[PDB]
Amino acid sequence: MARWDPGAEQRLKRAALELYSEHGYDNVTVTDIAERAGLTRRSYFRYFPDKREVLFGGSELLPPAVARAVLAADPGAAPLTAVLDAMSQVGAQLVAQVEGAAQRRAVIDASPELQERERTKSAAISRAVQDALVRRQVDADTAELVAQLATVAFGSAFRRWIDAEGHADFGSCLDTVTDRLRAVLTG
């Protein structure tokens, strides 16, 4: 499907954002998305199973990937830095081009189903990170706090990154969020 048309998925993801933006999430079907992308309804299902996954498909972090990146980190590094670095490395593409980032955010924030959809994803990533941390001799209770904290920090930084419309590097946004989190915890 994409071997003879490598841009297929990208066109689908872009089409989705535009259609969800023009009309509303509830007013668009996978057929509309497929055709706007120059594909048939049947082809769509080779990439995504529903009209929801087209918003996450390749604009998310895969837990196994994040876990592996955490396992590969220098065991001497602080757990939080190791985790945030792993998330940034795995989401390098994501936090690279503000292109469509804001659109996607607007669509998700406007839909309760997509919001729950995102939380479920974040939980799975957090869980994968906990398991990797434990495999690295970090006690379970601590592993849980580090993963949850990282989830909060990365999510907030990403949001800030979107609001800066590209005028701020993801790194600075992350630095700002983590320094803020530290100030709140210490005062």
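Numbering starts at 1 and runs along the sequence shown.
A.B. asks: If you take the mean CA temperature factor per stretch, which one wins between 153-161 and 57-65?
C.D. replies: Averaging CA B-factors over each stretch, the winner is 57-65.
A.B. asks: Name the higher of the two by mean Cα B-factor in the PDB entry, 104-112 versus 89-97.
C.D. replies: Higher mean C-alpha B-factor: 89-97.
A.B. asks: Could you say whether, by C-alpha temperature factor, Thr142 belongs to the lowest, middle or highest third of its chain?
C.D. replies: It belongs to the middle third of the chain when residues are ordered by C-alpha B-factor.
A.B. asks: Splitting the chain's C-alpha B-factors into thirds, which one does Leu71 fall into?
C.D. replies: CA B-factor rank for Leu71: lowest third.
A.B. asks: Is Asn27 in the lowest, middle or highest third of its chain when residues are ranked by C-alpha B-factor?
C.D. replies: Its C-alpha B-factor belongs to the highest third of this chain's values.
A.B. asks: Which third of the chain does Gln130 land in by C-alpha B-factor: lowest, middle or highest?
C.D. replies: As the PDB entry reports it, the C-alpha B-factor of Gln130 lands in the middle third of its chain.
A.B. asks: Determine, from the deposited record, the chain-internal third of the Cα B-factor for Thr40: lowest, middle or highest.
C.D. replies: For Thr40, whose C-alpha B-factor we compare with every modelled residue in the chain, the answer is the middle third.
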